[PDB]
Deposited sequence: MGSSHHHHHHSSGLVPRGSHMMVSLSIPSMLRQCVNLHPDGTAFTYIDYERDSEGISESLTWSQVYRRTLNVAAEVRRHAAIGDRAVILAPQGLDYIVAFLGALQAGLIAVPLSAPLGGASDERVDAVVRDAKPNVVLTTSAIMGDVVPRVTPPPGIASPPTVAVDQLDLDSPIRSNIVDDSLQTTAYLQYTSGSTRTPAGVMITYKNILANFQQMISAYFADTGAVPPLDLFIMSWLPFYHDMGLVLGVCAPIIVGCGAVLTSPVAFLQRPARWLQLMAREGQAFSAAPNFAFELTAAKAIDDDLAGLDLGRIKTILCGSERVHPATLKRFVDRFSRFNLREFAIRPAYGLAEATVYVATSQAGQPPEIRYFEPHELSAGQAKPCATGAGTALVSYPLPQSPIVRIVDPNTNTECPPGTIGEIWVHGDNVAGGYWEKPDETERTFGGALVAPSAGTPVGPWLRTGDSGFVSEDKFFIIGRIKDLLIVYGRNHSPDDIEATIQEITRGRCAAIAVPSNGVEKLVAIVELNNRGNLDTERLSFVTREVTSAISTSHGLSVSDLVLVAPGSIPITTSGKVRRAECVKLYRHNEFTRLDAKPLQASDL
C-alpha cells in the first residue's frame, strides 16, 4: 500500500540484503562506502519515527534539511513512518525559508553539521538502537513556492507505468540483479523517486552519491554504474555532455558498461547530438545504445509521463525549422532541418496536444500545449486552490473519441504529435516569439553551444512591445580579437540557422550562468539578471 509498509515487507523477505550504499567523496576523493541492509535502514527509520512523534502529530509536515547521504534517507523514511507529510529540501537559501512558511512544519529533520519548530539532528540520534503512516499524502515536492502533493496512489501508479514502459521487453519484470545508481539530489523529484523510493518499491539495492561528487569527476558516474549487476540510472541531458567531455580513458581502465540496464535522460530537452557523443565515446566500453532512454515528465505527474520504446535505441525524427517556428511539424529527410527525440504516445498516463487558448485538441502536426491525464497526476499544490485549478484543472472542449474531458495537467510545455509519437519543443514561457513565430531556446543554444562548447542561455527580453533575443554565453578566460571572432561566429550562426538577429551577446566567465544542482540552466533567472545589469562581460 504505502512506502512504510513496502519497506517492512522488504525487511521480511530479505532482512540482510543490501538496501542503500552511499559513496562519500568529500574526505577521500576515491570514495568511502557505507551501507545499510533492509533491516538496518528499517531500524534507523523506526528510531527517527519515534523522535519525530515527540514533536509532531499525524498529518503534520516534516521538512528535511540535510545534506545528501544516509541520514537524509532515514529522515524522509522516518517521517513517512510516523504519518507525517515529508518535505524534502536542500541543505542551506531564501527559497528554503519560503518553503518552510508555506508548509508550516511541526518538525525539522537536519544534521549537526548544519544547526520556532523543533529542529532534530538525526545523526546525533541513536539510530541503530534496537527496538503510524498515512495511506494518502506522502510528501510535498516543492518547485512563489508551490508544493506538489504526492500520494501513495500517485507513486504506485507512476511506478506501474514506469515498470511497464521501461521493462516492456521483459514483460514488465526488472532483472534479478538490477541495482539503482544515482547521484541526483534527493530534494529534486527525479533524485527522490529514483534514489530513495524506488529501492523500496522495486525491491532492489541502491548505489548513491552527491551531485557535488559527480560534477567534480563525472567519471565516477560511469564507474559506479559499472559495479556488479545491471545498473539503472538517470540524469539530465547536459550531464551526458559533461561526462562525454570530462571523463578520461584511464579513469575507465577496464570498465564494462555492457551490463548497464537503463540510463534515463530527462528533466530537460534531450538533444540528439549529446546522445550521439555519449554513445560514440563510450560504446568502446560496451555501452549498449538501447540502454539509453529519453524520459519526459514533471513533478506534477509525480515524475514519469513518457519514454522511448524499450529494447530499441532512441529514435530521432527531423522537421522543417521554419515550419516549426510557424507552428507546424512538417517532416523532412534524415539530417535536414531540426532533430527531435521521438516519444511514443504513452499508454498510461495519456498525452494530448491542446490549444492553450481554446482548450481544444490540435490536429496532428499542429504545435500546442502538452496536457497529461492519469492516476500519477497529482491532486494539486498544497493549500493553493487557485493555482491548483489553473495547473490541474484543464478541461477539454469537445473531446476526441476516447479522450477524457478532465481534469488535465497543463504542463507548460510546447509539443506536437506526428505518427502516434509526440515531441517536446520546450517550455512555453521560455520561447522567443519574433514576428508571430515561436523559436525554442534549446535549439538556439545548440547553435551557440557548438562554437562555444561552453554553456549557453537564449532568452527573450521584452522591449517596447516585442521580444528581443539575448544570448548569455560562457567562455574561457585563460585577447580582443578572438573575442570578436566568437561574437562574429555566434551571431552569424544564430542568423544563418534561425533567421534571428541577436540583440545582445553577453560574454561572461564560466559559472556566471545560473544552473541547477544537476547543472541545468535557469532561463527566467538569466532574464532578470540581464535586466538588472548583474552580468559582468569579458568585453
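Coordinate coverage of the deposited sequence breaks at 1-24, 117-121, 145-158, 175-180, 193-197, 533-535, 597-605, these segments carrying no C-alpha atoms.
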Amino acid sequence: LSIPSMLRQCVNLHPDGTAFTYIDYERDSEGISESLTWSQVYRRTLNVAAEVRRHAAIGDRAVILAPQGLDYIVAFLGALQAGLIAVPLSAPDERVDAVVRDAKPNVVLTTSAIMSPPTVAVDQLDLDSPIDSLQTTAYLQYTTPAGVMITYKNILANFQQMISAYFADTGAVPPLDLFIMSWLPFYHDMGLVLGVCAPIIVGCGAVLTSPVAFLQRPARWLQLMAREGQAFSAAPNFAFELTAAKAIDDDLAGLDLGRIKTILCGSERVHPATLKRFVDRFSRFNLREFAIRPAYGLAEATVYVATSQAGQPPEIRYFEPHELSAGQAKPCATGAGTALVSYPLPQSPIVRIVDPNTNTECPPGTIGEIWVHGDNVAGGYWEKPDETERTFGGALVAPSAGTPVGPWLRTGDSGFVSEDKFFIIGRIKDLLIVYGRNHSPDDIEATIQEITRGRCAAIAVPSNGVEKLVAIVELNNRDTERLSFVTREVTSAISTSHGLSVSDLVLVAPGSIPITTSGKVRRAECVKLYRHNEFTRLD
From here on, numbers count along this sequence of modelled residues.
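A summary of the deposited B-factors shows that, of 421-429 and 298-306, the stretch with the larger mean C-alpha value is 421-429. The question of which stretch, 245-253 or 363-371, has the higher mean Cα B factor is settled in favour of 245-253. In this structure the maximum Cα B-factor among 357, 81, 388, 164 is found at 357. Among 158, 170, 135, 144, the highest C-alpha B-factor recorded in the PDB entry belongs to 144. Ranked against the other modelled residues of its chain, the C-alpha B-factor of residue 177 as given in the entry falls in the lowest third.
Residue 509 sits in the highest third of its chain by CA B factor, as recorded in the PDB entry. In this PDB entry, the Cα temperature factor of residue 476 sits in the top third of its chain's modelled residues, the highest group. In the PDB entry, a CA B factor belonging to the highest third of its chain's modelled residues is recorded for residue 435. When the modelled residues of the chain are ordered by their C-alpha B factor, residue 287 lands in the middle third.
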